[PDB]
Structure formats: structure tokens, C-alpha cells
């Protein structure tokens, strides 16, 4: 039962939000699905979709280049830090921010969609009236109960995975490029992927505040064809460090696999 997720939560020392959703059948499992959780780096997934949406409207180019300056570089920016004093395509910024969670890359993309407020307006226009993007990196990692800034819910971000990866928000080419980036992610090998069963191609985007919060949101495509699942996972305020919280995300993958 969904009580399995409440049992896992007890061992996590924090608050665990899960949404496992199967659009084509309507099956849904999880825990705290409408509670707010800090997005952390999972905000980069809707950020990239907003970029591609703007490109589909002809108001932006993936081959448009963005200058990089020393002042743009913040911690954990392993691609953008190599390009100080030259520039990078918007397409390469999106890739870096998703597959390695390049932090400066997200800050260079955000002004192109009119910042966090523009991201929030894009989400609202597509049907997500819950998620709030308010700040760039690193301040978007701030979280406090009753403060909805830079939070989502497991249900809403699972909805966003459906909208941008499976729905018609993006053109066929943009939607496929976004899926390819998620498929190519380099940061989730010890998180949801490590618990999910064989037979499923995974695309995912992670987050961590380095202290007590870890997140992973994923699309699950059956390798032998058929309808995909969406899986969002948010663990906030845990007593476990990153390695222990990864173990919780791994166990959510295991519980998810038992329901596939």
C-alpha cells in the first residue's frame, strides 16, 4: 500500500514526497503528493522546457551564444567554468545544467526566459499553479515552511514531466531533445536509477542542498514499448547526509519498481 512510503519516511529522518504516475492508465502511488518541497536543482527541468518553448516560438535560438564572465561562475559549474571570457551556445548551457547540474549554466539561462518570474509564468500558462520559481542559484536552495518560493509538489512536478516530455507543450524535436538530455543525466546513478528494475529506460534530474535535502524526478520508458511512467521524489529536512539520502531515493526506486 501507499503505507510503504510512510514506512520508508520513518527511516529517512525527514519529510518524504513521492508521486508515481501512469498517465495512460491513471495509476498513481505516493506520499505527501500535494505538500510543498524545495525544488533545489530540479528547477532546471522546467527551466530547460521554458527555454525550448521560447525557441519553438522563434523568440530564441539554441545556437544563440551567451557570454561567460568570472563573476558568473559559482560552485559546481564544471562546464561553464571552462568558458570564462568566451561564450557558449544556449543548447550547450541546457545540456550542462541538466546532465551534470552545472549551477552557473542555470543562472545564464534564466534571464533568457525573464528570470524566475518568467519561469513561474510559463508554468502557470501550461497548467501548474503550484510551483513557484523565485530565485536563481544559490539562493533558490533556501527553504522554510510557509514560504512557497522555489518549491514544488510531487504531484505538480510529475505533471510537468508529463506535460513537457509526453504532451504537446514542446515541438516534436524540442521534446525529444529534452528527453535525450534527461536520458543522458550523469548525477543519478546512486539515486532512483539504483533501485529501479531492469527493462526501463530512465531520464532524470536530481537535486541536493548538500546538507539535508535530496530530490530526483524521472520519466520511465519501457524498453519493450508501451506507455511511460513518471516518478517524482523529494526528501527534505532529513537527518541523513547525501549518501544516506541517496539510499532513500534508491529505496523509492525499489518501491516504484514493485508497482510497475
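Numbering follows the first chain given and starts at 1.
Undergrad: Taking the recorded C-alpha temperature factors, which stretch has the higher mean, 249-257 or 3-11?
TA: It is 3-11.
Undergrad: Once you work out the mean C-alpha B-factor for both 222-230 and 32-40 from the entry, which is higher?
TA: Stretch with the higher mean C-alpha B-factor: 222-230.
Undergrad: Using only the C-alpha B-factors in the record, can you name which of 47, 196, 217, 235 has the highest?
TA: Going by the entry's C-alpha B-factors, 196 comes out highest.
Undergrad: Tell me, please, which of 179, 105, 125, 99 has the highest C-alpha B factor according to the deposited entry?
TA: Across 179, 105, 125, 99, the entry lists the biggest C-alpha B-factor for 125.
Undergrad: Going by the CA temperature factor in the PDB record, which third of the chain does residue 53 belong to: lowest, middle or highest?
TA: Residue 53: CA B-factor falls in the middle third of its chain.
Undergrad: Relative to the other modelled residues of the same chain, rank the CA B-factor of residue 111 and answer lowest, middle or highest third.
TA: Its C-alpha B-factor belongs to the middle third of this chain's values.
Undergrad: Sorting the chain's CA B-factors, does residue 70 end up in the lowest, middle or highest third?
TA: Top third by C-alpha B-factor.
Undergrad: Would the CA B-factor of residue 146 place it in the lowest, middle or highest third of its chain?
TA: Top third by C-alpha B-factor.
Undergrad: Per the entry's values, where does residue 186 land by CA temperature factor relative to the rest of its chain, in the lowest, middle or highest third?
TA: According to the entry, residue 186 has a C-alpha B-factor in the chain's lowest third.
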